[PDB]
Structure formats: C-alpha cells, structure tokens
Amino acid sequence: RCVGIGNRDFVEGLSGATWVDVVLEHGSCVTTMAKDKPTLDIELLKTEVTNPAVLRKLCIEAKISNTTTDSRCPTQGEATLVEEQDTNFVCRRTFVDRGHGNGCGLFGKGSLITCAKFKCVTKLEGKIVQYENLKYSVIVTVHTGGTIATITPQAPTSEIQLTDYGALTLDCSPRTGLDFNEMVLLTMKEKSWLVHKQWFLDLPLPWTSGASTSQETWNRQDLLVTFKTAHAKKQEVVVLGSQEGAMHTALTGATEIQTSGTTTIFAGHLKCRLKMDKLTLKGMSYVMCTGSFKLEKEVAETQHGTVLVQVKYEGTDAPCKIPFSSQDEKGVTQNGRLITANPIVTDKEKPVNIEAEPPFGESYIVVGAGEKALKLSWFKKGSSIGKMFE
C-alpha cells in the first residue's frame, strides 16, 4: 500500500549520514528498506488547526430595546439623552415639526434625539491561522510485525529511536498550497469555511475587534438598525432580520470545512527530510503503466488553483508509475503542473488520487500513455476573492 522510495530521493554519504526526501500526503504512505533490515513506513495521519485567534466578530442578527426619545420645542434648545454617552446605545439626531398641536407655542422645528440599545443575537467569527495553530501527526512504523511524531511549523524536527535503524530525525514542513496569510477561518452557527481575508474585512456588517474585552462594543450598528420617521415626541427604531441567509448565499463556492470545538481538520501535505546514520538503502523503481485508466469519480476543483483526479487502473503491470501530462488550449505539453509526489498504482484495485495545477483558461489533462490515454478538457477561471455579500 506504500510507495517505495526511489534512489533519486536519497544519498548515502561516503561518511556522515543517509539523507532521504519524502512527501507525505493524506492517504498515501511511503516506505523503504536497508541492507538487510526491516521495512520502514512513514505516513501522515492528520492535520489540525487548534484554537485560532479571532480577527473580528460580525453581527448577522441584532435586536433593539430601551428605545428612548427626547424632544424640545423650537425655543427650548437642543434635546439630550444620557445614553448618548453609552456605547451599547445607537443614537440619532434630527429636527421635527413642533407647534401648538403638540405642546409648543411656536410652529417650527424642534430638536429630537433618539437612542436605542443594540444587542447582537447572532454573530459569526473570522479566525486567523498562525504557526502556533498548526499541527501534524506523522506515524513511523518499523515492520518487525509504531511511533507517532508531532510536527509543527515552529517545531518541524522530531528525533525518534527505531529498532534496527537507530535514531531517525523527521525534518518536515508544510507543502505550498493553502496560504493562511490570505485565507481566514469563518465560523457561523455550526458550519465553517475558508474565506479570503479582505473579503471578510470588507463585509458590510456590524463588527467588533477580536481583542480581549469585557464589554462587547460594536461598530457600524447603523447597518442593522433603521430609525423610522420621527414624530414630535416619539420615534420608532427597528432592526434588520437575520443575515444568515444572505451570508450562506455569499459563501456559495467557498470551501466548507469540519471543526469540532476549537479544532479544524485539514487534508495536510508534508515534505520531509529523513536523517539517519550512514546506511545503504534499497531504492524502489516503478515502470510506467501501460494499460488504461478509468475515472472512478468526477474531476473535483479546489479553491486555490488545483483539481483532484481519482483514477482506476485497468492494466496488468502494477505496481507502476501513472503517466501524466498537461496541455494548454493548444496542445503544448507543460512538463510540470503535477502536484502529487508519488503518482503510483501500487495496487490495481485501489483508485489513485492525482492533484494537478492546470493552466488558466482551456487545457487538457492526460493520464495513461498512447491511444489508451484518458483525455479530459478543462477550463480554469481566473482567481477571485469570493462573492459579493449583498
């Protein structure tokens, strides 16, 4: 089930160490073997974002109460409320017609001030992922017939004592893919999504910093509050309805994700350098597949420029290297754009996942060789930060 390490991915020093390159991906596992020693398997078990920090909190459903109004006759100066100085209250000033009909001696404009207590009933949260929030669990197994390493951005190294092999240093790092400098973790009610950062920051909803506070204070309350037309001595303040639906629609397309509590699981990807004592490894070679491939399921599209292609092999020469190729709208082989490190059919009955990064516009993906090749036309749209929240 594991892909063997080719001899192009390690060097045994005349003196010193044996250095090995391996790429760990969710599902796949990598294996190798030394001059008369047990088999060695490495595998990425999971990837977790834990306790990310809140950037802001936005309010999608507010309520109104304690509506207070103060009015003054034309010759009685400017109205005033003490809740003007209260930050839980949203206020509004104006001048209304006053006269004999409502207790005044002069027909004319009288001052009016109206304040109402704002409260966020339903809020969402945008959380930024930092180095300290990311974690990987890598399992290393010596086949005497397993040790789970913990890898993080700040702590990428993990020294482990193995049977027969000795000390093994796991020097791993996250592969280039998701960018947490750009993408943000949005959480509304129960569901969660990965959304661009500025898109979030520009959302026209009442917001409050993620900073630590005892007094939740909102900004842009007007966005959910509507001061109806004022009367001589009173004025109604109403509030917009829940904006959960308007958001769900604006989030259409944005990648949805699973998070239980303060933990969010990802499909991680690691590039690792294995350091062990001077040792002659047994490299594993794979001949190119010669048979046919069938698309076990539809070509899936990620939100950061890639596509996932799962295929099934119909040939008789497994294990073998899946021939892959990409061609722009006009039949130019790109000699690249293959993201998967180990595109190997290790088992004929097991489907093989293939990630690739098509050119922008029209193109063609090709898995297999010759006339027996699976040819698929793909259109890739320019980048976008998301859909407008209306």
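A residue's number is simply how far along the shown sequence it sits, counting from 1.
Asks: I'd like to know the size of any gap between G145 and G146, counted in deposited residues with no coordinates: none, 1 to 3, 4 to 9, or 10 or more.
Replies: Count of unmodelled residues in between: 10 or more.
Asks: Give the stretch, out of 360-368 and 32-40, with the larger mean C-alpha temperature factor in the deposited entry.
Replies: Per the PDB entry, the higher value belongs to 32-40.
Asks: Hey, which bit's got the bigger mean C-alpha B factor in the entry, 87-95 or 265-273?
Replies: Looking at the record's C-alpha B-factors, the answer is 265-273.
Asks: Among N51, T47, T67, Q327, single out the one with the highest C-alpha B factor in the record, please.
Replies: That would be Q327.
Asks: Between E182, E216, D171, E132, which one tops the list for Cα B-factor in this entry?
Replies: Highest C-alpha B-factor among the listed residues goes to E216.
Asks: According to the PDB entry, is the CA B factor of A17 in the bottom, middle or top third of its chain, that is, lowest, middle or highest?
Replies: Lowest third - that is where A17 ends up once the chain's C-alpha B-factors are sorted.
Asks: Ranking the modelled residues of this chain by C-alpha B-factor as given in the entry, is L55 in the lowest, middle or highest third?
Replies: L55: CA B-factor falls in the lowest third of its chain.
Asks: When the deposited Cα B-factors of this chain's modelled residues are ordered and cut into thirds, is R175 in the lowest, the middle or the highest one?
Replies: Middle third, going by the recorded CA B-factors of the chain.
Asks: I151's Cα B-factor: lowest, middle or highest third of the chain?
Replies: Bottom third by C-alpha B-factor.
Asks: Lowest, middle or highest third: where is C115 by C-alpha B factor in its chain?
Replies: Lowest third.
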